[PDB]
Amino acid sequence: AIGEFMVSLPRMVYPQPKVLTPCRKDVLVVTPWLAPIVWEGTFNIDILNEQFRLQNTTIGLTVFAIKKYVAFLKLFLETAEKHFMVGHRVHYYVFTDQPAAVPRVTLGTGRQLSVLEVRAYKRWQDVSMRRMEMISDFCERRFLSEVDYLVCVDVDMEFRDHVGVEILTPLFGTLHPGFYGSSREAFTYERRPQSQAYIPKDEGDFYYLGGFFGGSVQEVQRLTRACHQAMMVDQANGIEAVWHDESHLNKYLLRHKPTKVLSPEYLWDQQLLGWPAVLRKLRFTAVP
């Protein structure tokens, strides 16, 4: 459940947070609208695990594996079992055009997987851009009845380290690993005013990923519905945003500020970007 009566935490022994010591001085850990930016060293996972277990939190994870991308499911799911929300209730929703190609993966207790068959689109960009519709339109009643939060990710990825309840909040985006140190003028936002995804050069907080976002079911429904509607407008106007769904997600999060922002620990490409000092953990990474 979300927003139900919260029982008392039990006694816990852990290090005192010291006000005149930040652990992290090398990075911004809170946005100017007072949303935490989630980096290693900013959270005590034992406290968070307590808070979310006391709510009997259920997390839905959506992943699309259409056409050749079914090959990525085994590693995705097996590593999610090792690292994603372990100890909490998890419901995986695998959207595919090939139900029989979904690997038989052994799940820990309190975890379930549903295979949802969908149509395959011919163009790569329609496959990637139509996920907003599939999440909002077709699955709205399902998700509202079955989970408290939704986490929506790309499949060509593996978990290498803890991804847990520290991410959960009404609405979150993830800092793109290519651009976290860039100034806003260099962000690859949609720059044509004819697109609903247009962001002027003097606007923008961060460059967020299309590949890792989430929140409460209600907020994820809102985001995906708004992005779908905006993509339909662009289509009717004969324009396709430069980075597809990612461009629309950026416009949405500019105008609807996320209540947490995930650091690039949460979606990294080691082959392309290495392992910088400012990354203490690589949690979820692109498959080479």
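In this text, residue numbers run from 1 along the sequence as written.
Peer 1: Going by the average Cα B-factor in the PDB entry, point out whether 268 to 276 or 17 to 25 comes out higher.
Peer 2: Result of the comparison: 17 to 25.
Peer 1: For the higher mean C-alpha B factor in the entry, choose 98 to 106 or 119 to 127.
Peer 2: In the deposited entry, the stretch with the higher C-alpha B-factor mean is 119 to 127.
Peer 1: From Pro193, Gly211, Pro170, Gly204, pick the one with the largest CA B-factor in the entry?
Peer 2: Each of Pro193, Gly211, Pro170, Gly204 was compared by C-alpha B-factor; the highest is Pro193.
Peer 1: Highest CA temperature factor in the entry: which of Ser145, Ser216, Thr174, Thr79?
Peer 2: Reading the PDB entry, the winner on C-alpha B-factor is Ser145.
Peer 1: Pull the Cα B-factor of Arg111 out of the PDB entry and bin it into the chain's lowest, middle or highest third.
Peer 2: For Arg111, whose C-alpha B-factor we compare with every modelled residue in the chain, the answer is the lowest third.
Peer 1: Split into thirds by Cα B-factor across the chain's modelled residues, where does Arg160 land: lowest, middle or highest?
Peer 2: Ranked within chain, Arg160 CA B lands in the middle tercile.
Peer 1: Name the third of the chain's ranked CA B-factors that contains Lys74, choosing lowest, middle or highest.
Peer 2: As the PDB entry reports it, the C-alpha B-factor of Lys74 lands in the middle third of its chain.
Peer 1: Ordered by C-alpha B-factor within the chain, which third holds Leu262? Give me lowest, middle or highest, please.
Peer 2: Its C-alpha B-factor, which the entry lists for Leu262, ranks in the lowest third among residues of this chain.
Peer 1: According to the PDB entry, is the CA B factor of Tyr189 in the bottom, middle or top third of its chain, that is, lowest, middle or highest?
Peer 2: Middle third.
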